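**Student:** this one's a deposited entry, sequence included:
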Amino acid sequence: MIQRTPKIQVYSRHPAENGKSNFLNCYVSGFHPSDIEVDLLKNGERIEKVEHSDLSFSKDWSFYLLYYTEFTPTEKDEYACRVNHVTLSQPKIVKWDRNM
């Protein structure tokens with residue numbers, strides 16, 4: 001058996017073909033086993049509509065998830081990624097740095 005804690009990155013991107021749109025991304029990387037729970041949060045509340053959830057693996061024991069959706073941030077709103085995994089005794093919450 002092998003288990004690996006995910007690395008978690010939270011960041012925003014504008015698609016270059018449509019630069020006015022903005023996407024909030026979580027990249028949850030290098031984890032094993034593949035069982036996982038991942039949410040985007042807005043002011044502590046789970047975002048129910050997340051448009052994209054893309055899972056892949058490299059080696060048979062390394063999984064990668066890109067979880068992202070369109071959003072319109074304002075400076076009053078706080079966003080975060082919340083991940084649960086067997087390697088994490090408590091849910092891990094990674095705040096979005098608004099300059100990233």
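**Tutor:** Yep, it's here. Numbering: from 1, shown residues only.

**Student:** check contacts around the closest residue to residue 44 other than its chain neighbours.
**Tutor:** Excluding the flanking residues, the one nearest residue 44 by C-beta to C-beta, 6 or more residues apart in numbering is residue 78, at 7.5 Å. All C-beta spots, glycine's among them, are computed from the backbone N, C-alpha and C. In this structure, residue 78 makes contact with 41-44, 95-96, judged by C-beta atoms under 8 Å, 6 or more residues apart in numbering.

**Student:** with those in mind, which one is nearest to residue 55?
**Tutor:** Checking the contacts of residue 78 against residue 55 with C-beta to C-beta, the nearest one is residue 41 at 20.2 Å.

**Student:** any idea which helix or strand carries the closest one?
**Tutor:** Under the criterion of DSSP states H and E, residue 41 resides in strand 37-42.

**Student:** got the buried residues for that strand?
**Tutor:** Residues of strand 37-42 classed as buried by neighbour count (16 or more other C-beta atoms under 10 Å): 38-41.
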